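The next block holds one structure in the form of structure tokens; read it before the comments.
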RNA sequence: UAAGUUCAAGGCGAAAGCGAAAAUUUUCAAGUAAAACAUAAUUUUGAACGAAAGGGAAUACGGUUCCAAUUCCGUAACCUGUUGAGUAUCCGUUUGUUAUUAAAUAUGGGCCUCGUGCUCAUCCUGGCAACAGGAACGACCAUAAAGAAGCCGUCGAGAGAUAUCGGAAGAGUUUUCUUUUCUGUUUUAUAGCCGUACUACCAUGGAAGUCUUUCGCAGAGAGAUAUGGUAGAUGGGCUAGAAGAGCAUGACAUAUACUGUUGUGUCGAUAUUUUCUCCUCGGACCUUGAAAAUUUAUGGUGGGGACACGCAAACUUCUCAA
RNA sequence: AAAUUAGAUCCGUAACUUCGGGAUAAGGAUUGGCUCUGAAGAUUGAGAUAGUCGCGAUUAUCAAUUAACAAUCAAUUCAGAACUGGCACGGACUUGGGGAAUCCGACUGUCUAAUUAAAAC
């Protein structure tokens with residue numbers, strides 16, 4: 001609720017303990033229930049595997065990108081948004097990505113991202129039409145109001 | 001008609017004063033309190049109700065028999081009979097692919 | 001018979017909101033509420049639960065889709081592009 | 001060519017024995033009018049054996065290594081056949097269809113134990129007596 | 001214990017009895033709309049049930065077969081038939097038009 | 001009263017009990033009821049024939065109390 | 001338990017105290033029919049409060065008072081906990097019996113004078129299945145489910161109520177009419193039974209000349225129609241409670257003289273879009289509609305029990321008792 | 001301020017219009033009582049032909065019914081006609097006056113509890 005992209009509940013096994021881990025992800029478009037997700041260094045390039053940004057070709061469209069390595073998914077994770085692997089710089093190990101702002105940032109190349117655009121795009125083309133339908137939008141987010149103007 | 005009054009001090013209409021009109025041997029029209037609807041368990045992945053199990057309620061199941069809560073087979077009150085054989089053949093054709101991929 | 005000449009599904013907002021935003025939302029208001037053919041078992045039963053998530057009434061597969069359309073064209077051009085990079089980088 | 005033949009180890013798929021492994025004893029390919037569908041009488045295992053290591057001595061040894069069978073005529077749609085065939089279970093001579101009377105479901109299901117454990121040691125049909133987490 | 005006041009239903013029973021004969025049911029005595037007095041959705045639902053239990057009565061007696069049953073079932077929703085007599089009329093002649101041609 | 005024995009001998013089995021304090025006999029116009037009073041429950045034997053009803057009014061334990069309702 | 005709150009030394013501040021929320025904090029928390037060349041496996045958000053409308057074990061009737069009643073009285077149940085009793089293992093041999101058998105969930109094997117010799121064997125059965133029965137390895141891990149849920153509608157079902165029509169018993173009107181008008185005509189919780197609204201499923205079988213079906217659409221070679229089964233005893237009828245109980249209407253009898261009694265309580269069928277429940281099937285949404293104690297089922301490795309010539313058992317998921 | 005209109009059935013309905021509307025536009029007719037008449041359902045349908053034994057009880061059936069198959073039974077609504085009075089009849093009650101424009105705000109929503117509900121937000 002509030003977040004316009006769907007989430008996905010993925011069940012990994014624990015490699016050291018004897019239980020089942022239950023991970024929330026942010027859905028790549030085309031992800032469906034019952035499919036396999038591979039996360040790791042030796043992930044094949046298919047949606048929605050998540051693998052380090054060095055094992056990708058250039059121009060690969062990615063989502064759920066780690067800003068710093070290991071920090072579990074901080075970039076391009078709204079609805080309909082993605083990053084693009086522009087070009088590696090093979091040693092010095094710094095991929096450059098293009099981010100949904102237009103802005104073009106340099107990451108490292110050991111951090112991970114999941115392949116694919118994110119699901120739920122593109123929400124923002126429907127008109128709201130209705131003050132009461134923006135009420136409903138925002139009552140699961142916060143008190144950004146009916147924003148009365150300061151000039152009033 | 002004989003109008004009714006509530007016999008508990010909860011005067012509001014929530015989900016825990018569910019009541020029915022009763023006629024008693026004095027010709028009375030009194031209220032009887034209904035407890036909550038018993039339900040059966042679901043399959044572990046269908047989210048469809050199971051059969052062979054009586055509809056129970058979480059406090060009643062200590063005071064129920066064993067065979068009133070089970071079916072009789074493997075994964076009995078846990079999975080459908082169809083989701084069960086969907087696993088028996090999957091736990092076999094995968095563990096027979098893992099011999100022809102080993103030789 | 002045919003009940004409306006031109007509005008179709010947006011006669012429910014009737015005389016509300018201006019003709020362009022009714023015209024604009026109607027494209028999305030049809031594809032959402034449509035039944036797409038299920039790409040897992042074949043039936044015209046792939047309807048939308050919430051924004052971005054589509055599910056099939058038989059076969060019980062929920063997918064992650066677009067806000068109104070089941071599969072966007074901006075995402076099938078990614079599923080193509082990824083497997084033509086997968087063809088080069090694997091073998 | 002024809003499958004669901006005599007010695008083939010099948011997998012039960014329905015009803016109080018789901019997941020158990022079973023040889024077939026006698027096959028009724030074209031449906032005896034009592035149960036007119038394709039069916040076969042199987043002889044499987046209700047309760048698997050358990051593993052013995054070298055450290056457990058003699059009667060903790062014989063306690064983990066029993067076998068409890070069953071005898072059940074089953075549909076072909078409630079079976080899954082394998083590539084695997086039981087081979088040295090060769091004395092199904094007197095078990096055709098006399099499991100209607102209750103005492104000779106017990107002089108026979110006991111007599112399937114005198115052979116389902118003579119082939120346990122010596123270890124043959126090793127895929128047959130494994131639990132196979134179905 | 002002072003007996004209850006007699007509250008007689010004699011007068012209402014007399015005018016329910018007049019209004020089986022249609023005595024106070026005219027256009028000065030009508031205050032609800034004709035949908036509010038008799039619902040069209042209830043009216044069309046009992047008709048659609050009269051026809052559907054006629055057609056299952058004919059199909060499962062032995063009278064008509066599947067291929068005329070389904071063709072009339074789909075025609076019954078519609079307004080080809082307003083009663084069950086016009087549907088019985090129509091069945092009585094498409095069995096005349098049929099076994100002649102057969 | 002959650003029990004009723006539809007059988008003769010299993011009613012008399014519930015007479016020779018450590019409980020089963022009383023039999024509150026009622027004579028109805030068509031049958032006689034033999035309502036024996038254990039701890040919980042009480043136990044009714046409806047016998048209709050009107051003549052072995054007095055044959056089962058005897059063949060009870062002696063010290064078992066018996067009411068005869070009016 | 002929620003939203004949240006109060007405290008716990010990271011901290012901070014002259015302190016008060018943060019109109020902090022501390023999340024502070026060497027082993028800060030668990031675990032053991034408890035161990036071996038560390039006994040040995042594991043986990044840190046400490047803690048508590050915060051709902052007389054959320055969640056959450058168990059009861060109803062009839063009677064009773066100047067004043068209290070789901071609390072007293074009578075009657076019939078129920079829950080929780082702790083003990084006790086009964087009761088899933090009453091053999092082929094050979095006692096009654098020459099074997100045939102009888103006591104008897106009950107043996108097989110090979111030989112042996114047959115065998116009583118020898119040896120083997122019981123953590124239950126049935127159904128093709130959906131699943132069933134009185135019980136038939138809660139000692140931990142693991143997974144799943146129940147608790148557990150919104151709003152608008154909805155086919156069907158039952159309840160309550162109201163209304164019609166008859167029968168039995170009283171009452172009211174009667175100058176005239178009115179086979180009239182009225183009143184009541186009852187059956188709790190709990191439980192044994194048999195069935196049903198609808199839904200899902202199972203077996204058979206294989207559908208175009210497409211068919212089944214709804215008010216609506218909805219469904220089918222990923223298995224329709226069809227016929228036969230299973231489950232959900234949803235929500236009802238018979239019986240038990242129910243003592244022509246009790247209750248209520250009503251005919252007498254008996255003075256406050258400290259009370260008895262005869263009869264009734266029976267049929268049918270409406271429509272309640274307007275009540276409450278149960279079941280079904282939908283819709284709106286850039287809005288997707290609580291949590292925890294609590295509870296159960298399954299699965300898993302070990303470990304526990306059980307032996308036939310019979311003695312047993314069972315924190316026993318069974319029945320009862322104190 | 002008050003009056004006017006008002007229920008329902010039927011007919012008919014303009015300028016503009018974001019083609020949804022406007023619209024209950026506007027404009028008209030009908031309406032009580034009493035006697036009938038028509039139409040709209042359900043459930044078993046209904047079974048025709050020896051006589052053993054003494055028509056009676058143990059005692060038959062594929063189908064054609066059919067074009068109102070025949071009785072029972074069930075609710076209620078809608079059309080029609082005849083007669084009929086102080087036109088009083090939606091007889092109380094419940095219950096819209098309409099139209100031609102100009103200005104502002106699009107709309108539903110919100111506001112100065114106790115003088116401003118707006119064109120303000």
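What follows is calculated from the coordinates using simple rules that are stated; it is not laboratory data. Cβ atoms come from the backbone with ideal geometry, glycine included; neighbour counts cover every protein chain shown.
So the values come out like this:
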{"item": "Calculated log₁₀ intensity ratio I(q)/I(0) where the Debye formula runs over C-alpha points of the range F:8-70, q = 0.18 Å⁻¹", "result": "-0.57"}
{"item": "Sequence-separation-based contact order of chain A, relative, with Cα cut under 8 Å and 6+ spacing, percent", "result": "24"}
{"item": "Solution diffusion estimate, µm²/s, Stokes-Einstein, chain C, Kirkwood Rh from C-alpha pairs, 20 °C, viscosity 1.002 mPa s", "result": "138"}
{"item": "For chain D, the spread of Cα positions along each principal axis, largest first, Å", "result": "53, 33, 26"}
{"item": "Value at 222 nm in deg cm²/dmol, rounded to 500, when DSSP H runs of n ≥ 4 in chain B each add -39,500 (n - 2.57)", "result": "-5500 deg cm²/dmol"}
{"item": "Shielding by other protein chains, C:66-78, mean Cβ within 10 Å", "result": "6"}
{"item": "Rel. contact order, % - alpha carbon contacts under 8 angstrom, at least six apart, chain F", "result": "36"}
{"item": "Angle between chain B longest axis and helix B:90-100 axis [Cα atoms, degrees, rounded to 10]", "result": "10"}
{"item": "The range B:1-84: Rg to Rh, with Rh as the Kirkwood radius over Cα pairs", "result": "1.19"}
{"item": "Column: log10 I(q)/I(0), Debye, Cα scatterers of chain E, q = 0.13, 0.14, 0.24 Å⁻¹", "result": "-0.69, -0.74, -1.25"}
{"item": "Under 18 Å from the residue B:68 label point (7 Å along Cα→beta-carbon), backbone N, the range F:1-42", "result": "F:1-4, F:41"}
{"item": "Virtual spin-label span in nm between residue B:89 and residue D:99, 7 Å along Cα→Cβ", "result": "2.3"}
{"item": "Whole-number percent relative contact order across chain B, with pairs defined as alpha carbons under 8 Å at least 6 apart", "result": "17"}
{"item": "Order of E:80, D:52, C:63 under a 10 Å beta carbon neighbour criterion, fewest first", "result": "E:80, D:52, C:63"}
{"item": "Using a Förster distance of 25 Å, the FRET efficiency for residue D:55-residue D:88 (Cβ separation, nearest 0.05)", "result": "0.25"}
{"item": "Isotropic mean projected area of the C-alpha convex hull, the range E:1-61 (nm²)", "result": "9.1"}
{"item": "Calculated log₁₀ intensity ratio I(q)/I(0) where the Debye formula runs over C-alpha points of the range A:3-66, q = 0.20, 0.24, 0.27 Å⁻¹", "result": "-0.90, -1.18, -1.34"}
{"item": "Label-point separation in nm, residue C:83 to residue F:46, each point 7 Å along Cα→Cβ", "result": "7.4"}
{"item": "Helical contribution to [θ] at 222 nm, DSSP H n ≥ 4, -39,500 (n - 2.57), averaged over chain E, rounded to 500", "result": "-17000 deg cm²/dmol"}
{"item": "Relative compactness, the protein assembly as shown, computed as alpha-carbon Rg over 2.2 N^0.38 Å", "result": "1.47"}
{"item": "Estimated inter-spin distance, residue B:98 and residue E:75, nm [label 7 Å along Cα→Cβ]", "result": "6.3"}
{"item": "Förster radius 60 Å - calculated FRET efficiency between residue E:43 and residue E:101, Cβ distance, rounded to 0.05", "result": "0.95"}
{"item": "Nearest-ten-degree value, helix C:73-90 long axis tilted from longest Cα axis of chain C", "result": "0"}
{"item": "Order of A:26, A:124, D:89 under a 10 Å beta carbon neighbour criterion, fewest first", "result": "A:124, D:89, A:26"}
{"item": "Kirkwood hydrodynamic radius over Cα pairs of chain A, then Stokes diffusion coefficient at 37 °C and 0.692 mPa s, in µm²/s", "result": "190"}
{"item": "Efficiency of FRET from Cβ geometry, residue B:48 and residue A:78, R₀ 35 Å, rounded to 0.05", "result": "0.50"}
{"item": "Nearest-ten-degree value, helix E:40-59 long axis tilted from longest Cα axis of chain E", "result": "40"}
{"item": "Residue-averaged 222 nm ellipticity for chain D, from DSSP H runs of 4+ at -39500 (n - 2.57), nearest 500", "result": "-1500 deg cm²/dmol"}
{"item": "Neighbour-count order for A:101, D:95, D:118, fewest beta carbons within 10 angstrom listed first", "result": "A:101, D:118, D:95"}
